[PDB]
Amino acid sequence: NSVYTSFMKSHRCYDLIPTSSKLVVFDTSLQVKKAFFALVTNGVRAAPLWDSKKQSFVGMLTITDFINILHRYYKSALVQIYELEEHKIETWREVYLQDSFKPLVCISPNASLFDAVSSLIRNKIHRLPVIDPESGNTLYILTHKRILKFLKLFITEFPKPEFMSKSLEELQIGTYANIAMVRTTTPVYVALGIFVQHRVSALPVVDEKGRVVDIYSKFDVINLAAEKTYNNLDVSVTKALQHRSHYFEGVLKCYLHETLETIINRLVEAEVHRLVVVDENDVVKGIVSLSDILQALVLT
């Protein structure tokens, strides 16, 4: 039981649920294109799926689903993607999940944070819906970002274990091998394929030298639905990232000799899901995600 593990066991999910929040829900019979447009309209990255037939929550619709659909059925900028236009969430769920046999992963508001973090790690998902066992009503959608940000405020008051002081190199936190990356000229379609194969949240965008000049995130993919440019995937990732260009600070990066607490204080501050570990020359040495940090704090 780490000083952190005790805290994660004690508090419930209810403690994280904001005073007033919005929750979007999709019926599985809804057209899939409209569902993705709805995610853009309400500013929501994921929604619970409701089957009107069996009267139960079957699953979640995320941006990853938008990525899977695009990569699978994309042909050319000359021809429309019919499936995205013709399909319903139910229909595509059949095709994608035929051999998968996936259930809905949820959690009770009375369950602890240790249970929530464990559930996120075990199933390797970024979205954990909170459902009241009594009313059967989905309450809130729990993420890594909120959980870690929750803890940081509490962490400050309490004694800091030597864990926080140790560097990243000696703590061995994050993935330093076989990093999924794209060039600046890499087409969006190619990037989508890398998303599907490697199943990672973001792709660092690098130059010929290998230095990271930008980052392509699964979140940046949703801008295709926002501007309805999703029908042209032949463009590079650089031209696709010009939409956020008005305000772009730079690619957030951390080094190997960096202390753990410095990193957490950085991620919570900028509210991003990962950091790019690089050598001094900006060459990418690896990635530190939010799921990476939590998995470390949930173990002893």
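If you superpose the two forms and keep the largest set of C-alpha atoms that fall within 1.5 Å, you have the rigid core. A residue's number is simply how far along the shown sequence it sits, counting from 1.
- Superposing each structure in 4 other deposited structures of this protein on the rigid core shows that the farther-lying of 66-74 and 237-245, by root-mean-square Cα distance, is 237-245.
- For the pair 150-158 and 203-211, rigid core superposition yields a higher RMS C-alpha distance in 4 other deposited structures of this protein in 150-158.
- For the segment pair 115-123 and 190-198, the entry gives 115-123 the higher mean B-factor, averaged over Cα atoms.
- The mean Cα B-factor in the deposited entry runs higher for 2-10 than for the other of 290-298 and 2-10.
- The PDB entry gives the largest Cα B-factor of the residues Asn178, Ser76, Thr229, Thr138 to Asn178.
- Residue set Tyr216, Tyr82, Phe101, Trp92: peak C-alpha B-factor at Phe101 (per PDB entry).
- Ranked by Cα temperature factor within the chain, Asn42 sits in the lowest third according to the deposited record.
- The entry lists a Cα temperature factor for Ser21 that places it in the lowest third of the chain's modelled residues.
- In the PDB entry, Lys34 places in the lowest third of its chain by CA B-factor.
- When the modelled residues of the chain are ordered by their C-alpha B factor, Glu86 lands in the middle third.
- Annotation for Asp65: CA B-factor lies in the lowest third of the chain's modelled residues.
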